[PDB]
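The listed protein sequences correspond, in order, to chains L and W.
Its first residue numbered 2, the first sequence is counted upward by one per residue in our numbering.
Its first residue numbered 8, the second sequence is counted upward by one per residue in our numbering.
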Amino acid sequence: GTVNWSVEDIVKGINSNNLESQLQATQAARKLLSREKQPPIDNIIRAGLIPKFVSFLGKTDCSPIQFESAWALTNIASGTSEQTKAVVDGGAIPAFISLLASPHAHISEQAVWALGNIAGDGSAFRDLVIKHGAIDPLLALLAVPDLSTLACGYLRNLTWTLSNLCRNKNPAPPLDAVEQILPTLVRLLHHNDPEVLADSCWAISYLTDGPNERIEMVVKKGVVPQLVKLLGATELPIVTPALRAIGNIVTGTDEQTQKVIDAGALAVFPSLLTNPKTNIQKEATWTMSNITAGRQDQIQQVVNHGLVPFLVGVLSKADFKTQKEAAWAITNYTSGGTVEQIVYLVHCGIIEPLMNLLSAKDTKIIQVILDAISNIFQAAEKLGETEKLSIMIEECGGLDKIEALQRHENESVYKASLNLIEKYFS
Amino acid sequence: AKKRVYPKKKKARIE
């Protein structure tokens with residue numbers, strides 16, 4: 002009945018003083034914007050229809066047109082920053098926040114969706130949505146004894162919009178807004194719907210990506226155990242954001258990293274460091290490198306869980322980015338480790354693959370490799386076995402690579418390998 | 008010993 006309309010027909014129907022004709026035209030616009038292939042968002046905007054849709058959003062006496070205009074504006078705001086700005090410039094934020102309290106669930110859900118798109122555009126529109134007072138009604142929509150009594154899609158959209166209100170930095174969300182939202186995210190993180198869990202983990206990972214104050218805000222709520230549980234989840238959409246959140250948390254202070262360790266996260270890394278998804282392996286190796294840069298008791302915890310062999314394996318065979326994260330982990334290990342710990346690491350067979358990566362064509366990883374070599378040689382000098390490690394590095398064919406790098410473009414690697422060759426092979 | 012440092016941002020309701 003309203004399929005394949007022309008923008009001219011839509012404008013003619015909207016410009017009529019007939020509420021029913023206006024509703025038909027708005028429905029037609031919604032349907033036209035609900036096609037996967039090239040929605041004419043720019044044509045609709047140029048026709049000046051956004052103000053009309055925003056005005057329709059407030060016709061409480063005609064909820065059908067409210068829903069249709071909400072859908073159309075949602076689809077428009079889901080496009081480029083220019084189109085989202087066009088939607089916002091029509092005053093749609095206050096209208097959607099008002100409709101959040103609609104008696105019709107399918108209209109409040111559309112308001113949630115539209116506000117989520119607007120907030121997800123960026124930190125500016127996010128802070129503007131927060132300034133119009135959306136957090137209060139959004140969270141009120143979730144004030145129920147049991148979250149399972151709400152519609153699945155409704156809860157999923159609410160969680161996604163909250164995550165968008167939590168995401169983006171420069172600047173990060175308002176601290177008081179994060180304090181207001183965090184309890185509901187904890188509740189949602191203990192929910193059972195996989196998509197809601199993924200969105201909640203993504204929100205937490207957003208909040209944990211920043212200064213240690215935010216990490217502390219998140220950790221004080223005691224969600225780290227649940228984050229580790231979800232880290233052990235079976236669904237990759239849930240494991241990925243949980244691992245990102247754990248990594249963000251361990252980038253903070255040693256005390257927050259210790260809180261993470263106490264939750265048992267390391268016990269899950271045997272499989273994460275061998276996970277089939279290369280992104281998961283890279284993220285897990287990055288987390289392990291950030292963990293090995295901490296205190297010595299934490300390095301000993303890493304050792305006890307048997308993860309040094311897994312780091313050796315990742316350094317021996319894995320995507321180059323995962324291998325770089327592993328090189329960083331090994332360098333941090335050797336920089337902060339105990340002489341006994343460096344000895345154990347070498348005994349696990351790290352020297353051969355660590356020299357194997359010396360043939361890499363990335364200056365930074367070569368610098369990291371040589372910095373770790375310096376640390377290990379210092380440990381050997383302390384223990385009095387420098388000649389042993391010299392013979393080792395020379396037997397696996399690595400000192401050939403160090404002699405080669407002696408004439409390297411970068412000056413840092415140049416000086417490092419030169420110092421090594423001169424102080425250990427002369 | 009030095010520490011270092013995606014889902015849809017927008018969604019259209021499609022039929």
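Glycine residues also receive a C-beta, built at the ideal position from the N, C-alpha and C atoms.
Query	Result
Which residue comes first and which comes last in the alpha helix (DSSP H) that contains residue 10(L)?	8–15
Name the chain W residues whose beta carbon is nearer than 9 Å to that of residue 72(L)?	20
Ends of the alpha helix (DSSP H) at residue 303(L)?	297–305
Show which residues of chain W have a CB atom less than 9 Å away from the CB atom of residue 114(L).	18 and 20
Compare the beta carbon distance of residue 19(W) and residue 418(L) with 8 Å and say whether it is the shorter of the two.	no
Given a limit of 7 Å on CB to CB distance, which residues of the stretch 249–267 of chain L reach chain W?	252
Counting along the chain, where does the alpha helix (DSSP H) carrying residue 167(L) start and finish?	153–167
Just to confirm before moving on: does the CB-CB distance between residue 75(L) and residue 122(L) stay below 8 Å?	no
List the endpoints of the continuous alpha helix (DSSP H) containing residue 1(L).	Because chain L spans 2 through 427 in this model, residue 1(L) falls outside it and cannot be assessed.
Taking a cut of 8 Å between CB atoms, which residues from the stretch 333–356 of chain L lie near chain W?	333, 336 and 337
Which of the three DSSP states, helix, strand or coil, is assigned to residue 220(L)?	helix
Start and end of the alpha helix (DSSP H) containing residue 241(L)?	237–251
Helix, strand or coil: which one does DSSP assign to residue 3(L)?	coil
Taking 7 Å as the limit between beta carbons, can you name the residues of its chain near residue 278(L), skipping five residues before and five after?	237
Shorter than 8 Å from the beta carbon of residue 288(L) to some beta carbon of chain W?	no
Using only the alpha-carbon positions, how far apart do residue 242(L) and residue 54(L) sit?	36 Å
Please classify residue 21(W) as buried or exposed, where buried requires at least 16 neighbouring CB atoms within 10 angstroms.	exposed
Look at residue 26(L) and residue 15(L) and say whether their C-beta atoms are less than 8 Å apart.	yes
Taking 8 Å as the CB-CB cut-off, is residue 200(L) touching chain W?	yes
For residue 364(L), name the three-state secondary structure that DSSP assigns.	helix
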